[PDB]
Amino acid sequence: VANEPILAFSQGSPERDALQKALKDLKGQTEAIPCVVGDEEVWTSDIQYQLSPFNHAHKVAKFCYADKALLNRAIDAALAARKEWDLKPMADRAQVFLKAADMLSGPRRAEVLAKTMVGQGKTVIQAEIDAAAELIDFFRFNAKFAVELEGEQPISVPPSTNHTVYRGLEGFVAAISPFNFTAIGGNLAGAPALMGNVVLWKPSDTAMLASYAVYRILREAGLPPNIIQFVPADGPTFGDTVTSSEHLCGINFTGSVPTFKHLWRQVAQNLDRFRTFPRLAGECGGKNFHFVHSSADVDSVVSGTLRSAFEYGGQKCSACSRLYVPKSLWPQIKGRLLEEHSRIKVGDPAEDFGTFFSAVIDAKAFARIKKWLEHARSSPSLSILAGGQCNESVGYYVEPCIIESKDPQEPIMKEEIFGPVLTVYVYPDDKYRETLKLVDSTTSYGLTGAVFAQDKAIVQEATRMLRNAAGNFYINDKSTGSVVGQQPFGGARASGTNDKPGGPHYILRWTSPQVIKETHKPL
């Protein structure tokens, strides 16, 4: 398999026309999205709404939270389907995901893009790289990795033959997905299912519309009933229920550090009830850096940093939120950042394809981000250089904000904001080595980071010094936009378990191998 092409959406192109039609189709719509257990559409009385982030008067979906009883029925129904699904040849399971990938590439592309735009607030290009390219790539590449894994067999020596069976995990896997990438939800539920597992998928409330579109595509591509249960739910209720089940065998999570730690602690408390040791996989975000050396290409620093910090409103686990600049380059970088900032268009991405980014995801995110802007207006070490405005009357709109910090270890340099808020620390040129140490030591995180420099010795030194500051490390490129099969994604420190989805080893977390030795002569 190869990576899915990124379409250009130029005027008069088939994909631009198809996307505009899909957006028109969605403009006034609310989809009633049920829980799905097997083939049954189930409604509880716990009704919830997903709002369009840039137009919160538009309820894009009405859904409901599964209660503990419904979640337990979903577990039981999934467990009863597991053995036959696990016994299927790997290639037959992979065929479901290859078919889904082709549907997403072609006839369903405009739908999943438009649902990601209207429901999660993405622009055309951000939806395209996510709900199409990244998701399609997860399905195709994981299918390839899984079929290839079957070829990894042990040595046989007569008179015995040895065979490894890549069993699914025994029990069910809980997939808990975040709002910010449609593709992550598809992968969190889809990768374990590919490996013969059955899954309770709790999608993010704020990504419900696009998540259900992916679910339906999987069912239409041939995924049998009870392999993935579509079970929106209150977060704590879902976590309490799955960690209380004797049949839990895995949690595939992406989201905040405290939530992942809480789930880890609940599993540990309940070890005596489980049939086997559950496998926890978590990617937990970052406080990601762009570090500039005086030899850097300033134009690349400026465009890469504006994109990394502000695309999708900075709502990426990989987004740059701390920029380190040498004093010698600061007049150039400050002047260019502030000028380009005034040309950033914030607005409705469905109505204006010129939009750079749109509203943040929901009222809670808006309130958190506003608190950080208020902090930047208060702190003696922080100065807002550009932006700082927000307005939630129509959508959850936050302008891009550029802040300078005189304190390299200010809280704003340490804590993940998940909004369009870039903090810059200007360091003296002769203190670049001490500043590299600050990049490594200042935060709890280890996810992404970039070095911009045209000096080979500097790049080699910075690569060594930052070895554990970033699991995805970039030289003369921006910190966002990892591509499946090219930059397997993840990091350690507080950023999670670093299972590298996007590479060939991720699927090994979702199989528990059995080795069969058959001896052909008497003992």
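So that there is no doubt, residue numbering starts at 1 and follows the sequence shown.
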item	value
444-452 or 162-170, whichever carries the higher mean Cα B-factor	162-170
Entry-level comparison of average CA B-factors, 429-437 and 126-134, reporting the higher stretch	429-437
Largest Cα B-factor, entry values, listed residues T305, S379, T423, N180	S379
CA B-factor placement of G502, once the chain's modelled residues are sorted into thirds	middle
Relative C-alpha B-factor of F63, binned into the chain's lowest, middle or highest third	middle
Cα B factor band for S479 (lowest, middle or highest third within the chain)	lowest
For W330, the third of its chain into which the C-alpha B factor falls	middle
For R493, the third of its chain into which the C-alpha B factor falls	lowest
